[PDB]
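Trainee: After the structure tokens below, expect a handful of questions from me.
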Amino acid sequence: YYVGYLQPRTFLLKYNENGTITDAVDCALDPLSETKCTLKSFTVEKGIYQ
Amino acid sequence: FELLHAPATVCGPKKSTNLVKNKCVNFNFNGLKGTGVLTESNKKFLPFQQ
């Protein structure tokens with residue numbers, strides 16, 4: 001058995017037509033995840049982002 | 001009995017007004033306040049979602 005602790009963060013979650021959670025992405029792990037969270041999308045086109 | 005000192009525990013059910021379809025009503029569903037027209041729906045909710 002495994003134990004883990006929680007701290008307050010922010011996530012981005014994707015639902016579907018049925019209403020179930022399919023996938024999620026963090027917003028404070030990597031710069032790529034940061035810009036994914038900023039653009040509100042799971043795919044980012046080539047370029048520079050702020 | 002007492003009021004306004006702890007989360008609600010015990011009380012009897014409230015008699016409710018019969019549902020009216022396709023008419024401008026001031027609905028109040030267990031805390032929601034709003035106005036509109038109520039019709040039969042099609043969305044397939046999850047077992048716990050309200």
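In the structure tokens, chains take the letters A, B, ... in the order shown, each chain's residues start at 1, and ligands count up from 1 in the order shown.
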Show me a table, sorted first by chain and then by increasing residue number, of the residues of chain A having an atom at most 12 Å from stretch 26-45 of chain B, each with its shortest atom pair and the distance in Å to one decimal, counting only C-alpha atoms and written as a tab-separated table.
Mentor:
```
residue	atom	partner	partner_atom	distance
A:17	CA	B:44	CA	9.4
A:18	CA	B:44	CA	7.2
A:19	CA	B:45	CA	7.4
A:20	CA	B:45	CA	10.0
```
Trainee: Could you find all residues in chain A that DSSP calls alpha helix (DSSP H) from the backbone, and write them as a PDB file with N, CA, C and O atoms, in the first residue's frame?
Mentor:
```
ATOM      1  N   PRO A  31       7.658  24.104 -18.541  1.00  0.00           N
ATOM      2  CA  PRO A  31       7.235  25.235 -19.381  1.00  0.00           C
ATOM      3  C   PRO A  31       6.277  24.837 -20.487  1.00  0.00           C
ATOM      4  O   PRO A  31       5.390  25.625 -20.840  1.00  0.00           O
ATOM      5  N   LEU A  32       6.431  23.639 -21.054  1.00  0.00           N
ATOM      6  CA  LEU A  32       5.486  23.178 -22.063  1.00  0.00           C
ATOM      7  C   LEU A  32       4.088  23.033 -21.477  1.00  0.00           C
ATOM      8  O   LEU A  32       3.101  23.461 -22.087  1.00  0.00           O
ATOM      9  N   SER A  33       3.982  22.442 -20.286  1.00  0.00           N
ATOM     10  CA  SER A  33       2.686  22.370 -19.623  1.00  0.00           C
ATOM     11  C   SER A  33       2.178  23.756 -19.255  1.00  0.00           C
ATOM     12  O   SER A  33       0.968  24.007 -19.300  1.00  0.00           O
ATOM     13  N   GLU A  34       3.084  24.670 -18.905  1.00  0.00           N
ATOM     14  CA  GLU A  34       2.680  26.036 -18.585  1.00  0.00           C
ATOM     15  C   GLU A  34       2.028  26.710 -19.786  1.00  0.00           C
ATOM     16  O   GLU A  34       0.958  27.317 -19.668  1.00  0.00           O
ATOM     17  N   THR A  35       2.652  26.605 -20.962  1.00  0.00           N
ATOM     18  CA  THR A  35       2.073  27.245 -22.137  1.00  0.00           C
ATOM     19  C   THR A  35       0.832  26.506 -22.624  1.00  0.00           C
ATOM     20  O   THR A  35      -0.076  27.132 -23.185  1.00  0.00           O
ATOM     21  N   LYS A  36       0.760  25.189 -22.407  1.00  0.00           N
ATOM     22  CA  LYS A  36      -0.479  24.469 -22.687  1.00  0.00           C
ATOM     23  C   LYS A  36      -1.619  25.003 -21.832  1.00  0.00           C
ATOM     24  O   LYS A  36      -2.734  25.209 -22.324  1.00  0.00           O
ATOM     25  N   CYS A  37      -1.353  25.229 -20.545  1.00  0.00           N
ATOM     26  CA  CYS A  37      -2.363  25.793 -19.656  1.00  0.00           C
ATOM     27  C   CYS A  37      -2.735  27.210 -20.075  1.00  0.00           C
ATOM     28  O   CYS A  37      -3.910  27.591 -20.021  1.00  0.00           O
ATOM     29  N   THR A  38      -1.745  28.005 -20.483  1.00  0.00           N
ATOM     30  CA  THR A  38      -2.005  29.388 -20.874  1.00  0.00           C
ATOM     31  C   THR A  38      -2.882  29.459 -22.119  1.00  0.00           C
ATOM     32  O   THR A  38      -3.835  30.244 -22.173  1.00  0.00           O
ATOM     33  N   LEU A  39      -2.584  28.638 -23.126  1.00  0.00           N
ATOM     34  CA  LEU A  39      -3.333  28.690 -24.376  1.00  0.00           C
ATOM     35  C   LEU A  39      -4.670  27.964 -24.310  1.00  0.00           C
ATOM     36  O   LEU A  39      -5.431  28.027 -25.280  1.00  0.00           O
TER      37      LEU A  39
END
```
Trainee: Once DSSP has gone over the backbone, tell me which residues of chain B are in strand (DSSP E), as a VMD selection string.
Mentor: chain B and resid 24 to 25 36 to 37
Trainee: Go ahead and save the residues from that selection, with N, CA, C and O atoms, as a PDB file, in the first residue's frame.
Mentor:
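To be explicit, this is the file written out as again.pdb:
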```
ATOM      1  N   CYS B  24     -43.624  29.991 -18.488  1.00  0.00           N
ATOM      2  CA  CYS B  24     -42.688  30.863 -17.784  1.00  0.00           C
ATOM      3  C   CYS B  24     -42.904  30.736 -16.281  1.00  0.00           C
ATOM      4  O   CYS B  24     -43.938  31.162 -15.757  1.00  0.00           O
ATOM      5  N   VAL B  25     -41.928  30.155 -15.583  1.00  0.00           N
ATOM      6  CA  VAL B  25     -42.023  29.916 -14.150  1.00  0.00           C
ATOM      7  C   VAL B  25     -40.803  30.506 -13.455  1.00  0.00           C
ATOM      8  O   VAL B  25     -39.745  30.702 -14.057  1.00  0.00           O
ATOM      9  N   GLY B  36     -37.170  30.948 -16.281  1.00  0.00           N
ATOM     10  CA  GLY B  36     -37.025  30.348 -17.594  1.00  0.00           C
ATOM     11  C   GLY B  36     -38.210  29.451 -17.906  1.00  0.00           C
ATOM     12  O   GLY B  36     -39.254  29.531 -17.263  1.00  0.00           O
ATOM     13  N   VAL B  37     -38.014  28.605 -18.913  1.00  0.00           N
ATOM     14  CA  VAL B  37     -39.015  27.646 -19.360  1.00  0.00           C
ATOM     15  C   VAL B  37     -38.417  26.252 -19.251  1.00  0.00           C
ATOM     16  O   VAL B  37     -37.327  25.995 -19.775  1.00  0.00           O
TER      17      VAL B  37
END
```
Trainee: Excluding same-chain residues fewer than 4 positions from stretch 2-11 of chain A, what lies within 9 Å of it counting only C-alpha atoms, as a list in words?
Mentor: residues 24, 25, 26, 27, 28 and 37 of chain A
Trainee: Counting only C-alpha atoms, which residue out of A:30, A:45, A:21, A:14 sits closest to chain B?
Mentor: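 Among the listed residues, the smallest separation from chain B belongs to A:21.
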Trainee: Using only C-alpha atoms, which protein or nucleic acid residues come within 12 Å of stretch 11-13 of chain B? Drop anything in the same chain fewer than 3 positions from it, and give the result as a ChimeraX atom specification.
Mentor: /B:1-3,7-8,16,30
Trainee: Find the distance between atom CA of residue A:46 and atom CA of residue A:12 and write it in Å to one decimal.
Mentor: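 The value is 21.3 Å.
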Trainee: Provide the atom CA of residue B:46 to atom CA of residue B:21 distance in Å, to one decimal place.
Mentor: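 Separation of atom CA of residue B:46 and atom CA of residue B:21: 23.6 Å.
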Trainee: Go through B:14, B:9, B:49, B:20 and flag the residue nearest chain A, using only C-alpha atoms for the distances.
Mentor: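 Closest candidate: B:49.
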